[PDB]
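So this first bit is one chain, no partners, the form deposited in one PDB entry, shown in structure tokens.
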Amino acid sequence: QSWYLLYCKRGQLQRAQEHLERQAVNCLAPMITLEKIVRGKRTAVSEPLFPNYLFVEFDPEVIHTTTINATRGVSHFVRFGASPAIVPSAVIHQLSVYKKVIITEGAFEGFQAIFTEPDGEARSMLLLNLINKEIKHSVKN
């Protein structure tokens, strides 16, 4: 079982997540509580950490790429080896929820920045870059 990053169509993230859950897949779409200017007011908000993205935990052999895509609302999988769909590292996931020299420093600093970034679309990029970074380190190291 490994994690994956799905990007969802304009407004089907919610619907898709339900499906993949009715199917045995685990989904994770974090929200971030931020203080943004609503109407001249600094109102606290809860928005998606990273907009239309949805992490998915399933086993390639049991349900593979192919079928998870069919899930109504899923536009695509993020990919490292361009052919392969990417596996976020067990550690990239850890830092998302509760909270060596290159995994830690990539993940660490990476998420501090993601957690400080006012809009998610910008975070998405920062997450993707961080993921690409972390995967390379897993291989080369």
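Residues carry their position along the shown sequence, with the first being 1. Under this definition, the rigid core comprises the largest set of C-alpha atoms superposing within 1.5 Å between the forms.
Unshown form deposited in another entry; subsequent notes refer to it.
Engineer: At a threshold of 2 angstroms on the CA positions, core aligned, which residue out of 31, 44, 62, 91 shifts between the shown form and the other one?
Structural biologist: Single hit from the list, 91.
Engineer: Since the CA distance of residue 90 and residue 63 differs by 3 Å or more in the other entry, is it closer or farther than in the form displayed?
Structural biologist: So the answer is farther.
Engineer: Have a look at residue 84 and residue 77: in the other entry, are their Cα atoms closer together or farther apart than in this form, given the change is 3 Å or more?
Structural biologist: Residues converge in the other entry, at least 3 Å closer.
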